[PDB]
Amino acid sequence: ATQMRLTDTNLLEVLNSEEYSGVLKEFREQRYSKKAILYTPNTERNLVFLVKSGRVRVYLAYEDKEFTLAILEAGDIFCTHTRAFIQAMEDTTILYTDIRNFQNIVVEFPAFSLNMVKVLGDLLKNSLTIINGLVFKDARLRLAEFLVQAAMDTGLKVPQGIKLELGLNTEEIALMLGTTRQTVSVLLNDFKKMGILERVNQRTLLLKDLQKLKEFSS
């Protein structure tokens, strides 16, 4: 149950119905091994593709860092006409078609725009997090370090993850880290939206993805 979805049925199931038979015809199949770069930004051949199996990372690449924009799973649509790089996170099979062909089927077969909405919403979600993370780069680093440090020092193992009884509210965390209550508030909300953590009570957080948070502390 990927949270950006507007429908409960996977697009691959829909495409393999007989009401959608003939749309499949216009797609070709390509395989990619783990870590293979599928596409560099704005490729010469404008393609719309569908992930058939595996996981694909859509990302902005710079010299010293990369920002993940989205992770495409089975049934997710994307294209080659963005400023993003596209990499296979695991052994991957895609189905692809020329853009001129997809123009027709997106207006005719409703299930496609529904998935695009889900994928573009996810990309925008991660983009806003990235922008917040750049505006508050230093505060974010300090907060993530504070939390990972607390997790290792006093974190408690629970079935959902690591419970952090910080004994500090957001105001007090901001004081500890030399930022504002408002900034820590934005950043914690962002960590929640990333599925990194949940709020247990005023002074307690549940760290559900420590390993991921360890990437923001570097």
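Residue indices: 1-based, along the sequence shown.
Per the deposited record, the Cα B-factor of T80 falls in the middle third when ranked against the other modelled residues of its chain. Per the PDB record, residue ranking by Cα B-factor puts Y96 in the middle third of the chain. Per the PDB record, residue ranking by Cα B-factor puts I71 in the middle third of the chain. For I131, the recorded CA B-factor ranks within the lowest third of the chain. Only modelled residues enter the ranking. Per the deposited record, the Cα B-factor of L147 falls in the lowest third when ranked against the other modelled residues of its chain.
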